[PDB]
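Participant: Let me begin by handing over the structure; questions about it come next.
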Amino acid sequence: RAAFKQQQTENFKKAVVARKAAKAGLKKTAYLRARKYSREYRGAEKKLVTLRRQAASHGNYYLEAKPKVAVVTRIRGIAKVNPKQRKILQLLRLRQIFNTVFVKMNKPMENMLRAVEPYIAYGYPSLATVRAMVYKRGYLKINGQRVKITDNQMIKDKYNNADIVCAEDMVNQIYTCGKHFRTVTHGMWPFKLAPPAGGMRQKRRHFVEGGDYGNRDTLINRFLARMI
Amino acid sequence: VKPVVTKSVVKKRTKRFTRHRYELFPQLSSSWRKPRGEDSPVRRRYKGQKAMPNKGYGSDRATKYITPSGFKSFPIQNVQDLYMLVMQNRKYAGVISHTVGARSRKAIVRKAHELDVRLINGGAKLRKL
Amino acid sequence: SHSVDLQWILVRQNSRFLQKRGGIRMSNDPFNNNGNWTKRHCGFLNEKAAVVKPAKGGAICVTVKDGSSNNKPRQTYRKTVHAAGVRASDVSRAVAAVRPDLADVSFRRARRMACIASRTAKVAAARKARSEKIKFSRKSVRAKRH
Amino acid sequence: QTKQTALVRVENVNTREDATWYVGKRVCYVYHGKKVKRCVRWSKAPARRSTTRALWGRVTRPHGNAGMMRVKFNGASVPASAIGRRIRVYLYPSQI
Amino acid sequence: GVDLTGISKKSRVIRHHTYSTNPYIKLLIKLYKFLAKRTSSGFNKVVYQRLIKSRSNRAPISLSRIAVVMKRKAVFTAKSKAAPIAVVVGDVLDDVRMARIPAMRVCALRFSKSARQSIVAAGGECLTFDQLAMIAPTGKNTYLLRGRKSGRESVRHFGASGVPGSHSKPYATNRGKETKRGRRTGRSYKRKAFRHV
Amino acid sequence: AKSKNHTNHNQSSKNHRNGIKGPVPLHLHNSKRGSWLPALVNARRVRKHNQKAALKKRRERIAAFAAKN
Amino acid sequence: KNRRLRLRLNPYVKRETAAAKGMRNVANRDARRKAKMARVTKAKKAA
Amino acid sequence: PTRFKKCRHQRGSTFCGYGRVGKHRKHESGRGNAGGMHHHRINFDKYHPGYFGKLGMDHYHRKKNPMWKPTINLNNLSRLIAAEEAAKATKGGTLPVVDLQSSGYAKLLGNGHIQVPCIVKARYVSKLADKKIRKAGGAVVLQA
RNA sequence: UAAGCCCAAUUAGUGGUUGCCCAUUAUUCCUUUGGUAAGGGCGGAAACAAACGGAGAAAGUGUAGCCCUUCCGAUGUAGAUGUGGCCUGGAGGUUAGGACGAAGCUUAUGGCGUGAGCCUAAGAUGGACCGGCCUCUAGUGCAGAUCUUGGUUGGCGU
RNA sequence: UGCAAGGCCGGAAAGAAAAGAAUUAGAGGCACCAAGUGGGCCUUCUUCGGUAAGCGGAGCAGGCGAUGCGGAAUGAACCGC
RNA sequence: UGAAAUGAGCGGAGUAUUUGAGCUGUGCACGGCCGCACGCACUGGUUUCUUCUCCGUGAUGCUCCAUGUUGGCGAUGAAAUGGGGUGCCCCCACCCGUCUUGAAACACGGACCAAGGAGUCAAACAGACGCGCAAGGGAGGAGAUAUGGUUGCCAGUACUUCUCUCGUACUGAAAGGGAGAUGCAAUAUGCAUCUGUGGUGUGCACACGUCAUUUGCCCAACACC
């Protein structure tokens with residue numbers, strides 16, 4: 001009936017197939033990416049184990065190397081914060097109590113983290129935390145809005161890079177550092193977490209004391225998984 | 001003419017806002033005024049002082065301005081004003097004005113009962129036939 | 001030549017037909033279908049318009065504007081009565097010939113007038129049925145004139 | 001005090017593990033009025049007509065560390081005239 | 001509370017609406033607010049940006065400014081393809097200082113009576129914004145111009161007069177009044193005529 | 001009454017509230033009026049001859065265009 | 001923790017969950033331990 | 001329109017925007033221009049340099065009439081010519097006479113490629129204004 | 001046999017791994033309001049009388065917001081500004097009301113708005129004026145000045 | 001045809017590798033008009049006069065002033081926020 | 001309460017490849033070329049254990065609203081929800097305005113009410129914003145008639161000029177002087193031409209390209225001349 005209705009409702013007709021074809025075609029990649037990575041991870045921890053176990057029994061040792069990513073969360077509130085510890089907590093995107101970020105661990109970021117330590121409980125993430133934090137608390141920053149990740153399509157949208165497609169590419173550069181670690185995090189909205197379920201018992205002291213703040217190494221995972 | 005139903009009618013706060021310390025003084029009207037007192041407790045929010053009006057008390061904007069009957073109230077001074085709300089009568093209802101008469105008030109009650117538009121202060125006996 | 005676009009900026013906030021009461025904006029225009037105050041519903045203002053308006057028993061008139069006799073008023077508004085039992089899509093399809101914008105409302109209003117007339121018929125019957133019992137001490141009749 | 005959630009010490013329930021058994025049960029507060037008002041089976045079973053009344057609730061979760069269990073009286077709160085008086089914890093809804 | 005120093009200092013003022021009571025301007029923005037939205041063209045949403053600016057920010061260009069400018073573009077265009085339109089969202093005025101203007105098809109909100117005759121008498125057109133939507137709905141092959149805003153006597157008074165290296169016109173009704181100290185070098189001192197920054 | 005107080009207290013908090021604006025770029029203001037003059041003269045004596053040569057190129061690119069087409 | 005998302009973000013999750021449930025069965029888990037303990041110790045005694 | 005005034009938004013503020021500590025009062029600084037050399041010195045030496053002192057020789061009884069020279073530019077001789085005179089003009093041909101003392105101007109300055117050649121009747125002329133007309137095919141016939 | 005001091009733990013060499021209570025905090029859900037706000041729809045798709053699935057859809061800063069989905073913020077003295085923001089006496093318009101009862105007045109008279117306020121109900125009040133809306137206009141909003149004037153009042157049958 | 005300067009015309013441009021080898025709720029920049037304030041006080045650390053002071057005077061910062069709310073029975077400023 | 005149930009979950013039909021077990025070959029890794037390899041990387045062998053796999057519905061719905069089951073009460077006087085009043089209980093809670101670093105203060109004003117009660121009017125200047133006109137803009141005072149009329153509505157509206165005034169030009173104490181571009185060219189007023197940005201760097205939109213960006217012109221504007 002409507003002259004342009006067909007010139008419309010036929011265009012909608014093939015844009016629907018374009019969606020469905022460009023959807024189920026993404027699972028194939030999202031599937032063969034995850035596969036590639038899961039096998040990639042067991043091919044590492046099982047390499048260290050064989051490699052560690054050789055340095056033992058011959059009287060050698062094995063360096064764990066140096067962790068690269070570090071999860072950082074802010075244990076104090078906003079009050080009575082000095083000028084240089086504002087400007088650092090802002091450049092780390094931690095603007096709020098119990099925000100969290102993933103950052104490289106290198107000399108400029110190491111020396112930057114120790115000036116704010118009274119504010120910061122940080123450490124070295126598991127793979128279980130990154131998955132949990134990129135899935136459950138993951139929010140992409142799209143056009144200025146903080147939007148939850150309900151889908152693998154929107155990730156491929158924001159990042160046109162096509163080394164980041166599914167949520168399992170997200171976790172990868174987060175976990176393994178790598179090339180796109182910045183442009184993946186920098187597009188994540190900084191994590192917002194609940195308080196720890198059972199608690200620290202003294203936010204005001206360093207962890208190596210009856211304290212929270214500072215570098216608690218891998219015990220951050222155990223501490224962080226209470227926030228999620 | 002059963003009204004257009006909305007979602008839940010919940011009000012944020014029913015109790016009114018009255019100005020600080022009007023009960024003590026008989027000339028002070030219960031109407032609100034914002035205290036500008038520098039050491040005034042109410043301005044400083046002391047927990048157990050009266051609460052102030054905010055942007056935060058809005059009425060939900062879905063159920064906003066709806067009387068308990070389900071009808072947004074439109075005033076009517078004469079039998080010709082019934083015709084505007086003939087079509088939307090599921091939404092609006094009429095309110096005869098105060099000064100409108102025992103004689104005009106006879107007319108509007110008829111020509112409302114015929115059209116099925118609803119009057120609030122219109123005689124309700126024709127409805128409870 | 002004074003387009004509707006330009007005239008709606010003039011009459012929007014002031015009018016005879018505006019009638020904003022208690023924060024509500026209705027319209028007392030006789031040519032409004034549902035009575036909201038908007039361009040599509042301003043009959044006096046638009047260059048082509050239509051209305052679903054009642055007549056005797058259940059007949060449904062339709063008044064209709066048009067571009068051409070736009071000035072010259074007894075000639076710019078033309079009414080045509082549809083028969084008593086008219087379908088509502090019949091009346092709407094008339095209005096949709098002139099102004100397809102109104103195809104929905106004229107339908108809902110066509111069915112509406114049909115509801116009113118058959119509502120007046122039940123009421124005016126029940127009022128007089130029980131008006132017999134009342135003994136009135138006065139009544140008035142305007143005497144036929146030649 | 002936040003007057004939404006009551007606190008109930010139910011007799012012979014002395015530990016927390018003993019409270020989680022009661023999550024969901026329906027508490028009652030059986031006070032009385034002065035004049036006799038309307039009642040649930042009124043005029044069906046007129047022998048219930050009387051001055052006594054009840055407020056009902058549910059047990060929302062264990063409060064404390066020993067046998068102490070919070071309560072929600074549905075849509076309202078209990079009077080503060082009920083404090084230190086008899087609350088009734090029934091055995092239903094049964095989870096068994 | 002979340003920490004956002006400010007947050008009142010990245011925010012800036014925009015004002016989508018118009019401060020003009022003119023009923024016709026309110027039609028022109030009606031057109032471009034529509035067709036700067038759906039048009040996918042740079043030109044067409046600049047004129048919507050510009051159409052809401054209050055008179056002070058829309059400065060009339062004289063004629064002979066359009067002519068000189070458009071004679072600079074007309075040299076390097078291909079001789080085959082010529083269709084520039086002077087499109088101005090301000091007023092266009094008449095320059096007594098220049099005669100013999102070519103035919104430019106200028107578009108504007110308002111023309112000086114002597115400026116419009118001085119166009120058509122030399123063979124050009126004058127076409128207002130309800131036309132140009134028909135001729136250049138994409139703004140294609142238009143030429144967009146602004147005004148000259150920096151010669152106003154208000155911009156001349158801005159800044160303090162007695163600051164070193166500030167040439168600025170002070171507020172006085174009697175010009176012979178303030179010449180005599182801090183201006184003349186002879187008595188107290190002369191404000192330095194130039195200052196490095 | 002002792003009115004002679006002096007403090008720096010709140011200042012660098014105010015000075016950074018609109019921030020300390022960084023310097024103006026080198027290219028923005030040169031304006032060499034200082035300046036060592038016999039070099040300044042010999043700079044304008046060239047800067048004139050660069051105008052002729054550059055305004056001539058304006059003409060040679062008028063012909064060469066209309067020459068092309 | 002929601003079954004419907006996690007698969008949309010990681011379609012491979014089910015293989016991963018099935019591989020993990022392949023450990024938790026008691027028959028396979030200790031027969032896993034029997035072989036590891038023999039595999040490793042024999043490797044030690046080779047150096 | 002007193003309903004738009006700032007006073008009408010300030011009912012209830014009690015201080016009308018003049019401040020709680022330093023109050024509004026009457027005259028804080030002295031009345032008017034008072035304080036030029038003293039406690040306003042920064043203002044009058046910043047925004048108004050030159051307000052103080054004496055300058056120049058002294059002219060009693062200044063009557064503005066004997067000194068009257070509105071001038072004009074060669075660039076601006078168009079608007080003293082009606083249309084159809086400016087249409088027909090050429091160097092050596094017949095060209096319209098423009099009178100100044102009847103047109104409210106006196107001196108004829110420089111500043112322009114004279115647009116329309118003319119013979120201009122002017123009380124006062126300048127050097128470079130002379131050349132251009134004389135060169136562009138007009139003339140200057142001076143009057144009084 | 002601490003309900004004291006030092007140290008330490010979490011239901012205790014029994015399997016590691018969060019005892020419990022309380023914030024205007026954190027996380028999340030609903031509702032409001034403001035954006036440097038982000039995006040979508042707005043060419044009426046078609047069909048369709050009563051009687052015995054309805055109703056809207058405005059090219060738009062602001063309203064009872066054109067509709068919808070989304071995201072972030074939200075406290076504040078002095079101070080600045082905004083409001084299609086409330087009230088008052090009048091003038092230009094427009095639309096109404098009123099001896100079947102106007103202004104005024106009184107009320108455990110309710111209804112609407114975050115609020116200024118509006119509106120209806122009743123008067124066993126009143127006795128002749130008056131409301132809405134656009135615009136104009138000003139002697140235009142009271143609790144405090146040892147404020148002005150009139151009245152009254154506890155102290156006191158002292 | 002060295003050096004100074006203004007250009008012009010070509011060259012290349014991990015657009016900044018590797019080495020721990022940056023990060024950002026990073027729109028930069030300019031302008032007009034104008035209010036209030038110009039009595040402050042408290043604290044970690046540094047600090048001068050004084051026997052000392054809930055005394056007087058400063059430095060870098062954070063607060064109260066202007067702001068409550070949860071906590072130290074109570075307290076402007078402490079603790080958490 | 002299905003008024004678009006997008007579901008491993010709902011429907012349809014079928015029996016899939018992730019891990020763990022043993023091992024392949026080159027490689028890595030370990031020990032002092034061989035031996036090792038705890039089983040890493042590459043091809044990717046075994047099926048003994050382990051697990052479900054696959055494909056299906058756009059809106060022709062732009063918006064809002066409208067669809068269960070079981071009992072109690074509700075049969076025109078009542079029932080029910082909301083609002084209101086008075087008392088009570090548990091809890092929370094210093095007296096207002098003000099000067100003040102600091103007020104609940106043993107700091108000052110304060111018995112109650114009604115009616116009054118405080119940023120106004122005028123002029124000069126400026127900057128925002130609305131309007132007209134634009135190298136021109138605008139009067140002021142007065143005159144002229146419809147009106148030489150009308151109780152009034154009219155003290156208004158309509159009409160008008162040479163002039164006046166703020167502008168188009170500025171500078172010097174003053175006498176005085178007084179502004180374009182290009183080419184040729186160096187003449188103590190050089191000469192010619194007149195469709196034109198004085199030049200350079202940065203710079204909307206547009207135009208022809210390219211994988212945001214090359215070049216053209218660059219409006220406004222900033223800077224150097």
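In the structure tokens, chains take letters A, B, ... by order of appearance, with residues numbered from 1 within each chain and ligands from 1 in the order shown.
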Env of residue G:45: 10 Å cut, atoms = only C-alpha atoms (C1' of nucleotides), seq-sep filter 4 positions within chain, self excluded. Answer as an NGL selection string.
Facilitator: (:A and (57)) or (:G and (40-41))
Participant: May I have the selected residues written with C-alpha atoms, as a PDB file, in the first residue's frame?
Facilitator:
ATOM      1  CA  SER A  57      65.933 -32.104  42.744  1.00  0.00           C
TER       2      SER A  57
ATOM      3  CA  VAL G  40      56.339 -37.851  38.634  1.00  0.00           C
ATOM      4  CA  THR G  41      58.332 -40.131  40.924  1.00  0.00           C
TER       5      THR G  41
END
Participant: For the interface of chain K with chain B (cut-off 8 Å, counting only C-alpha atoms (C1' of nucleotides)), please tabulate each contacting residue of chain K alongside its nearest pair of atoms and their separation in Å to one decimal, rows sorted by chain and increasing number, as a tab-separated table.
Facilitator:
residue	atom	partner	partner_atom	distance
K:65	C1'	B:5	CA	6.5
K:92	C1'	B:48	CA	6.0
K:93	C1'	B:48	CA	5.0
K:96	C1'	B:40	CA	7.9
K:97	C1'	B:37	CA	6.8
K:103	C1'	B:39	CA	7.9
K:113	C1'	B:27	CA	7.4
Participant: Using only C-alpha atoms (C1' of nucleotides), which residues sit within 7 Å of residue D:9 once same-chain residues fewer than 4 positions away are excluded, as a PyMOL selection string?
Facilitator: chain D and resi 67-69
Participant: Just need the residues of chain I within 7 Å of chain B, counting only C-alpha atoms (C1' of nucleotides), so spit them out as an MDAnalysis selection string.
Facilitator: chainID I and resid 31:33 96:97 100 111:112 114:115 120
Participant: What's around residue C:105 at 12 Å? Count only C-alpha atoms (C1' of nucleotides), leave out sequence neighbours fewer than 4 positions away in its own chain, and write the answer as a ChimeraX atom specification.
Facilitator: /B:87-88 /C:32-36,40-41,50-52,88-89,91-93,95-96,99-101,109-112 /I:44,55-57
Participant: Using only C-alpha atoms (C1' of nucleotides), please write the residues we just selected to a file, as a PDB file, in the first residue's frame.
Facilitator:
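New file part-v5.pdb:
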ATOM      1  CA  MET B  87     -13.529  12.523  24.189  1.00  0.00           C
ATOM      2  CA  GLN B  88     -10.843  12.054  26.883  1.00  0.00           C
TER       3      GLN B  88
ATOM      4  CA  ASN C  32     -10.768  19.913  17.580  1.00  0.00           C
ATOM      5  CA  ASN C  33     -11.434  16.208  17.439  1.00  0.00           C
ATOM      6  CA  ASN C  34     -10.194  15.027  20.854  1.00  0.00           C
ATOM      7  CA  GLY C  35      -9.502  18.471  22.301  1.00  0.00           C
ATOM      8  CA  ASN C  36      -5.758  18.648  22.857  1.00  0.00           C
ATOM      9  CA  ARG C  40      -2.640  18.544  14.037  1.00  0.00           C
ATOM     10  CA  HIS C  41      -5.697  19.227  16.185  1.00  0.00           C
ATOM     11  CA  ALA C  50     -12.093  17.871   9.364  1.00  0.00           C
ATOM     12  CA  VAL C  51     -14.238  17.076  12.395  1.00  0.00           C
ATOM     13  CA  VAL C  52     -16.553  14.293  13.487  1.00  0.00           C
ATOM     14  CA  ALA C  88     -17.035   4.194  12.114  1.00  0.00           C
ATOM     15  CA  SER C  89     -14.412   3.255   9.541  1.00  0.00           C
ATOM     16  CA  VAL C  91     -16.503   8.241   8.779  1.00  0.00           C
ATOM     17  CA  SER C  92     -12.772   7.931   9.407  1.00  0.00           C
ATOM     18  CA  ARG C  93     -12.208   7.059   5.750  1.00  0.00           C
ATOM     19  CA  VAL C  95     -11.725  12.341   7.044  1.00  0.00           C
ATOM     20  CA  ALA C  96      -8.714  10.393   5.784  1.00  0.00           C
ATOM     21  CA  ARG C  99      -6.543  14.897   6.216  1.00  0.00           C
ATOM     22  CA  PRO C 100      -4.995  11.439   6.657  1.00  0.00           C
ATOM     23  CA  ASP C 101      -3.345  12.663   9.859  1.00  0.00           C
ATOM     24  CA  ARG C 109     -14.551   9.942  17.749  1.00  0.00           C
ATOM     25  CA  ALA C 110     -17.015   8.427  15.287  1.00  0.00           C
ATOM     26  CA  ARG C 111     -17.492   5.470  17.611  1.00  0.00           C
ATOM     27  CA  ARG C 112     -17.654   7.979  20.451  1.00  0.00           C
TER      28      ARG C 112
ATOM     29  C1'   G I  44      -0.597   8.538  11.099  1.00  0.00           C
ATOM     30  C1'   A I  55      -6.512   6.069  24.536  1.00  0.00           C
ATOM     31  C1'   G I  56      -2.486   9.212  22.919  1.00  0.00           C
ATOM     32  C1'   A I  57       1.351  10.420  19.185  1.00  0.00           C
TER      33        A I  57
END
Participant: Where in chain H does DSSP assign strand (DSSP E), given as number ranges by chain?
Facilitator: H: 97-99, 107-108, 119-122, 124-125, 139-142
Participant: I'd like to know which residues of chain D are alpha helix (DSSP H) (by DSSP, run on the backbone); could you write them as a PyMOL selection string?
Facilitator: chain D and resi 16-19
Participant: Just the number, please: distance in Å from atom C1' of residue K:84 to atom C1' of residue I:121, one decimal.
Facilitator: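 Pair atom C1' of residue K:84 / atom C1' of residue I:121 returns 14.5 Å.
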